[PDB]
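A quick write-up on the structure given underneath.
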Amino acid sequence: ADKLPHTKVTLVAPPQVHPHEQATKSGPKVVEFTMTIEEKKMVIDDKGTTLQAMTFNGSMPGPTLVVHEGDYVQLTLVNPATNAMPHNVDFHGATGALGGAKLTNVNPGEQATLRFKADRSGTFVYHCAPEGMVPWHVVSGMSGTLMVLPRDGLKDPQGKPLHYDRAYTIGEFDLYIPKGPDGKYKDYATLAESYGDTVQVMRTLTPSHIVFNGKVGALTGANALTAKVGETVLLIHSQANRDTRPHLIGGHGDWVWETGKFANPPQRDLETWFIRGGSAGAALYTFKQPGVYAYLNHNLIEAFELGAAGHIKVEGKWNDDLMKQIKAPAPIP
Amino acid sequence: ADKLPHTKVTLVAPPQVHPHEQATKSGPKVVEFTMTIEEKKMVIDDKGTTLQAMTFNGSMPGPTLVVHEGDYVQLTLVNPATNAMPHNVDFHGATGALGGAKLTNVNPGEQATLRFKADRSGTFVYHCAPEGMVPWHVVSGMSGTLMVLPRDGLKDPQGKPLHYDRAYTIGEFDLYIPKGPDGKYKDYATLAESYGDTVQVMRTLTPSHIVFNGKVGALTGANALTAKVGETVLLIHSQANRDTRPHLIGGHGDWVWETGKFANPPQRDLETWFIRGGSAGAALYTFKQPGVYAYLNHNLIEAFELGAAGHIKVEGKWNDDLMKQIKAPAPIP
Amino acid sequence: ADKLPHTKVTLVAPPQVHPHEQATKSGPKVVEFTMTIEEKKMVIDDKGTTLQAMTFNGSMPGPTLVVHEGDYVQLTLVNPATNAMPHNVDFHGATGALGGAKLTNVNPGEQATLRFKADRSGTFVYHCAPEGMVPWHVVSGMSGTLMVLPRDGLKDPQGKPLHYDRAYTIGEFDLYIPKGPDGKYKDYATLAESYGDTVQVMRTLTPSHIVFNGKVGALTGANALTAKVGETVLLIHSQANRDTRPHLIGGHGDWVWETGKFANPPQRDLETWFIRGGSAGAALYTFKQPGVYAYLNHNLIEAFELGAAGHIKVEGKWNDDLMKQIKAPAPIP
Ligand SMILES: [Cu+2]
Ligand SMILES: [Cu+2]
Ligand SMILES: [Cu+2]
Ligand SMILES: [Cu+2]
Ligand SMILES: [Cu+2]
Ligand SMILES: [Cu+2]
Ligand SMILES: [Zn+2]
Ligand SMILES: [Zn+2]
Ligand SMILES: [Zn+2]
């Protein structure tokens with residue numbers, strides 16, 4: 001690793017993913033990243049409910065980091081003195097020392113640099129895991145995805161090449177917002193004051209909200225995902241704490257790695273797939289119809305009542321072969 | 001599609017599935033179906049609890065529709081003036097327009113005809129999805145399965161032929177029946193009056209009942225499924241809203257497509273498989289022993305306490321090679 | 001089976017597994033086991049909460065039974081007169097008579113001997129299932145694993161040999177301990193007195209505790225699992241009632257059969273896998289780094305708050321290629 005060239009990557013905010021190659025002629029590199037932790041109060045729904053949140057780089061999820069199999073990830077993790085809590089990082093893509101958590105314990109005002117070999121292909125969760133407060137830091141927003149691409153790109157079960165034209169990253173967050181005796185959600189002045197009441201809600205195993213990318217409706221309206229007929233999209237879906245079941249309404253998972261590990265053959269033609277709590281999965285889809293799709297957790301209560309749903313707006317020409325309204329709604333003859 | 005022959009299929013009520021070919025020499029057809037929505041109050045347990053239910057064709061689940069890959073499904077959906085609500089249909093097997101929901105919005109007194117290409121093999125959920133009330137219509141009973149068989153029939157991982165001699169269809173329904181201050185389940189005069197209280201229960205993510213085919217014990221006694229030693233059964237299991245884990249007590253899943261898509265290789269020898277909320281899965285089993293089996297969700301609380309269990313009564317000759325009582329229960333020597 | 005040699009196996013307590021061969025030159029045998037049921041009050045957490053427990057052989061889980069495909073399992077099940085309840089056993093690995101439950105109904109003071117053919121390879125749950133009280137006996141602790149190894153040992157997707165150097169067995173138990181009006185957990189004088197209150201908690205679908213091998217912290221401290229760099233461990237994980245998502249913190253599932261059936265190809269490089277309620281799964285991992293790992297259910301609330309987490313202490317030499325602390329935590333420059 002000490003023999004290798006270094007490259008520095010500039011991260012981009014979800015739902016985008018930073019520029020990268022799929023199949024590459026390049027040899028292994030030490031790939032350098034930096035992230036800065038930000039604790040902040042965030043508004044998470046349409047009625048002004050707040051979360052005392054904790055983030056990598058100011059977003060939920062943290063940004064997606066992309067490397068190739070055989071690369072080394074070298075992350076500088078910064079915990080500004082403006083934060084109240086200690087933090088660290090655990091990479092599921094890494095081997096040893098609790099995913100790196102033991103080597104990256106940063107108090108406010110400190111930083112650390114971790115290197116690990118990305119020797120396994122796939123999408124992998126990374127998350128904060130400070131001893132004694134792991135689930136709180138995770139459910140408060142401290143997770144994201146590391147994608148390790150095979151050096152020769154994605155492959156189907158027969159070893160044929162697969163690709164995406166655009167990648168989107170979706171972090172799904174089960175939130176545990178406490179209520180007061182009046183039945184309204186509690187607003188806390190500081191992160192520390194949210195703790196005890198939040199642990200109590202967590203222990204019920206019942207989320208108050210389940211959101212994509214930090215808020216009900218985050219991936220809707222002006223902020224809907226976009227694509228065009230004929231384009232192949234990769235949808236990366238991470239859930240660091242709780243199971244989810246992604247579904248594209250009006251579409252499919254053409255090729256899906258629901259356990260998120262690219263050396264395994266993908267499944268095809270899925271209606272709904274399953275992302276295990278503590279993992280990231282990946283689905284390819286090539287659009288064949290224009291229109292607005294929903295991308296959601298298909299526990300429909302979790303999607304429509306609790307917030308786990310987004311939109312994809314797709315341009316292009318309608319295909320009557322695939323679907324046709326033979327008779328529009330009309331009175332029964 | 002406009003060049004093709006049409007065929008009309010008469011649907012049958014669950015747990016049966018309408019007559020169809022597996023492997024077929026026939027070419028693609030436009031396959032015509034009709035379903036009529038029925039809102040009705042249904043008794044769902046042994047103690048007289050009622051559900052303000054919503055159904056395709058008067059049953060939970062709706063009937064299973066069977067076509068072959070490359071066929072076109074052409075469904076006439078009828079919403080009689082006797083119903084109170086608007087409805088539509090979203091086929092997970094279809095491509096575009098939110099699965100067809102956008103093209104089939106029928107007010108009471110109206111009907112519509114949708115065509116789509118069944119270009120992907122597998123078992124696929126279909127369900128109602130009226131804008132603004134999706135989870136309510138789904139959990140109240142509006143879902144069923146479309147099975148798209150490969151034109152050359154089912155195949156094992158090595159591409160060898162597989163078949164079933166009899167097919168059964170099981171829809172599992174997580175129900176959310178509200179209670180009054182007295183702790184008894186509420187009975188509502190109309191469908192609309194159940195709504196607000198039901199949404200509140202839904203948001204707890206805790207079903208009051210979880211039933212196969214519309215009621216606790218639906219598939220038991222006179223209504224148990226049946227088979228014989230040597231017969232291969234296909235068990236289609238749909239759950240449009242919540243995860244389940246089917247298990248045949250005393251048997252196995254010989255070949256299982258738990259994600260329900262036939263172009264993927266099945267798994268063999270399963271004890272328990274997993275049907276993701278928002279999907280239908282399929283399992284083959286060849287009976288080797290006579291007797292009464294249970295087919296259930298193997299969260300045993302969900303099965304035995306909440307209602308997610310049925311029976312299969314199997315005729316034939318006992319096999320002592322497979323299992324033998326060496327010593328019957330007797331006092332400890 | 002009446003032509004075959006018999007062997008008698010002495011069972012060992014979890015988390016160990018009794019001595020056995022993987023690949024074997026031996027032909028099929030009748031393999032004889034005995035287990036004795038023990039009802040007992042057990043302390044399940046650090047604050048003195050008790051469970052009115054029910055066990056195979058005095059442990060949660062029951063011991064793991066290991067045979068080879070084509071062997072016959074012959075179990076003598078003993079229910080001492082000191083117990084209060086009737087019991088039986090249902091082997092998911094068996095064919096017929098509700099897994100053997102119908103043939104092994106033993107009142108206190110009785111015993112029975114069941115034989116069945118272990119004709120399917122994999123890890124399979126076994127559990128008590130007395131008519132009318134199935135979920136109670138299961139959640140109170142009456143489950144364990146039968147492992148049926150292929151006669152030629154484990155194989156990867158390409159049919160290459162796989163092995164483990166050490167096997168550990170982990171039973172995960174969702175517990176349903178009732179509380180009194182004071183908010184403290186109830187302590188019951190007898191097993192029968194726990195029943196009604198426990199059924200009420202069960203019906204909420206919310207466990208009070210979720211534990212590995214009978215107690216919070218069971219597999220920690222003096223009782224942590226152990227291994228060494230270069231050693232391959234098999235981690236058998238059973239959950240007879242509820243879904244779980246195992247994860248090795250700082251490691252991976254090198255080869256995983258999450259549905260637990262060895263005739264299916266395993267998946268590689270998993271971060272987190274999924275064990276369906278009512279099943280046992282198996283994961284291989286070869287250690288590459290020394291240190292203390294956590295092995296946990298990656299619903300981190302379930303792990304850290306409710307008890308579903310253990311430790312593995314690993315000896316050997318640190319590998320800087322795999323992971324290196326480039327800069328230890330230090331003030332931000
Ligand atoms: Cu943190
Ligand atoms: Cu983790
Ligand atoms: Cu409807
Ligand atoms: Cu749907
Ligand atoms: Cu028992
Ligand atoms: Cu069972
Ligand atoms: Zn493309
Ligand atoms: Zn047959
Ligand atoms: Zn070894």
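The values are calculated or read from the model by the stated rules, or taken from the named source; these are not laboratory values. Quick reminder, even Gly has a Cβ in these numbers, built from the backbone with ideal geometry, and neighbours come from all protein chains shown.
Within the stretch B:273-293, how many residues turn out to be surrounded by fewer than 24 Cβ atoms within 10 Å (Cβ to Cβ), facing another protein chain (nearest Cβ under 10 Å) and touching a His at 6+ places or on another chain (Cβ under 9 Å)? Residues that pass the stated criteria total 1.
How many residues, within the stretch A:116-131, are out of contact with any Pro (no Cβ under 8 Å at 6 or more places or on another chain) and more than 23 Å from residue C:270 (Cβ to Cβ)? So that I can check it myself, show each step before the final result.
Of the residues in the stretch A:116-131, the ones out of contact with any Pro (no Cβ under 8 Å at 6 or more places or on another chain) are A:116-120, A:122-129, A:131.
With more than 23 Å from residue C:270 (Cβ to Cβ) added as a condition, the list becomes A:131.
Residues that pass the stated criteria total 1.
Just one of (1) surrounded by fewer than 23 Cβ atoms within 10 Å (Cβ to Cβ); (2) closer than 30 Å to residue A:216 by Cα; (3) in contact with an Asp or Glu (Cβ under 6 Å, 6 or more places away or on another chain) fails for residue A:79. It is (1). Given the criteria of a type in the set (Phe, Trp, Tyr) and touching a helix residue (DSSP H, G or I) at 6+ places or on another chain (Cβ under 6 Å), does residue A:168 qualify? No.
Only a single criterion out of (1) within 20 Å of the chain's Cα centre (by Cα); (2) facing chain B (nearest Cβ under 7 Å); (3) within 28 Å of residue C:201 (Cα to Cα) is not satisfied by residue C:128, namely (2). Of the strands (runs of 3 or more DSSP E) lying entirely inside the stretch A:119-225, those carrying at least 3 residues that are assigned by CATH to the domain that holds residue A:59 are A:122-127, A:143-149.
Can you go through A:57, A:79 and tell me which one is on the phi > 0 side of the Ramachandran plot, more than 16 Å from ligand 2 (Cβ to nearest atom) and either outside the structural domain of residue A:134 (by CATH) or not charged (D, E, K, R) (or both)? Break it down stepwise before answering.
Working: A:79 fails: on the phi > 0 side of the Ramachandran plot.
On inspection, the qualifying residue turns out to be A:57.
Each row is one residue, and each column tells you yes or no for (1) of a type in the set (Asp, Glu); (2) over 14 Å from the mean Cα position of the chain (by Cα); (3) over 18 Å from residue C:285 (Cβ atoms).
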position	(1), (2), (3)
C:132	no, yes, yes
C:137	no, yes, yes
C:146	no, no, yes
C:162	no, yes, no
C:174	yes, no, yes
C:180	no, yes, yes
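Count of the stretch C:246-272 residues, restricted to those that are crowded, with 24+ Cβ neighbours inside 10 Å, within 12 Å of chain B (Cβ to nearest Cβ) and part of a loop (DSSP other than H, G, I, E, B), is 4.
Contact list please: Cβ distance under 6 Å, first residue in the stretch B:232-256 and touching a residue at least 40 places away in the same chain (Cβ under 8 Å) and under 15 Å from residue B:169 (Cα atoms), second residue among the aromatic types (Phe, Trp, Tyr) and crowded, with 24+ Cβ neighbours inside 10 Å, pairs at least six apart or on different chains. Filtered contacts from the stretch B:232-256: B:246/B:273; B:248/B:293; B:248/B:295.
How about the stretch A:28-48: which of its residues are touching a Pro at 6+ places or on another chain (Cβ under 8 Å) and surrounded by fewer than 17 Cβ atoms within 10 Å (Cβ to Cβ)? Talk me through it step by step, then tell me what you get.
Going through the stretch A:28-48, the residues touching a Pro at 6+ places or on another chain (Cβ under 8 Å) turn out to be A:29-30, A:35-38.
Passing the criteria: only A:36.
With respect to residue C:309, determine if the residue is surrounded by fewer than 22 Cβ atoms within 10 Å (Cβ to Cβ), over 26 Å from residue A:256 (Cβ atoms), more than 14 Å from chain B (Cβ to nearest Cβ) and small (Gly, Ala, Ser). So residue C:309 fails the test. Only one entry in B:236, B:312 is closer than 22 Å to residue B:69 by Cβ, in a strand (DSSP E or B) and of a type in the set (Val, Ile, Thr), namely B:236. Within the stretch B:74-88, the set of residues being in contact (Cβ under 8 Å) with a residue 40 or more places away in the chain and at the interface with chain A (Cβ under 10 Å from one of its Cβ atoms) comprises B:74, B:75, B:76, B:77, B:78, B:79, B:80, B:86, B:88.
Suppose we keep only residues that are among the β-branched types (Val, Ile, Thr) and crowded, with 24+ Cβ neighbours inside 10 Å within the stretch C:89-105. Which one would you say is farthest from the other protein chains (Cβ to nearest Cβ)?
Narrowing the stretch C:89-105 to residues among the β-branched types (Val, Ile, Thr): C:89, C:95, C:104.
Filter again for crowded, with 24+ Cβ neighbours inside 10 Å, leaving C:89, C:104.
Numbers: C:89: 12, C:104: 7 Å.
Among them, the one singled out is C:89.
Within the stretch C:110-160, can you find the residues that are under 30 Å from residue C:209 (Cβ atoms), β-branched (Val, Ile, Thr) and touching a residue at least 12 places away in the same chain (Cβ under 8 Å)?
Keep residues of the stretch C:110-160 that are under 30 Å from residue C:209 (Cβ atoms), which gives C:122-147.
Pick out the ones that are also β-branched (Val, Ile, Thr) and you get C:123, C:125, C:134, C:138-139, C:145.
If the condition is that a residue be under 30 Å from residue C:209 (Cβ atoms), β-branched (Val, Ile, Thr) and touching a residue at least 12 places away in the same chain (Cβ under 8 Å), then C:123, C:125, C:138, C:139, C:145 are the ones that fit.
All conditions in (1) within 9 Å of another protein chain (Cβ to nearest Cβ); (2) surrounded by fewer than 22 Cβ atoms within 10 Å (Cβ to Cβ); (3) away from ligand 4 (no atom under 16 Å from the Cβ) hold for residue B:133, with the sole exception of (3). Of the residues in the stretch B:187-203, none is within 14 Å of chain C (Cβ to nearest Cβ), more than 16 Å from ligand 5 (Cβ to nearest atom) and either out of contact with any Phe, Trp or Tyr (no Cβ under 6 Å at 6 or more places or on another chain) or under 27 Å from residue B:285 (Cβ atoms) (or both). Annotation note: Cβ proximity below 8 Å between a residue of the stretch C:296-308 that is closer than 16 Å to residue C:47 by Cβ and a residue that is of a type in the set (D, E, K, R) (sequence gap 6+ or interchain) occurs for C:305/A:203; C:306/A:203; C:307/C:45; C:307/C:215.
Filtered by the rule that a residue be at the interface with another protein chain (Cβ under 10 Å from one of its Cβ atoms) and surrounded by fewer than 23 Cβ atoms within 10 Å (Cβ to Cβ), the stretch B:208-228 gives a lone residue, B:208.
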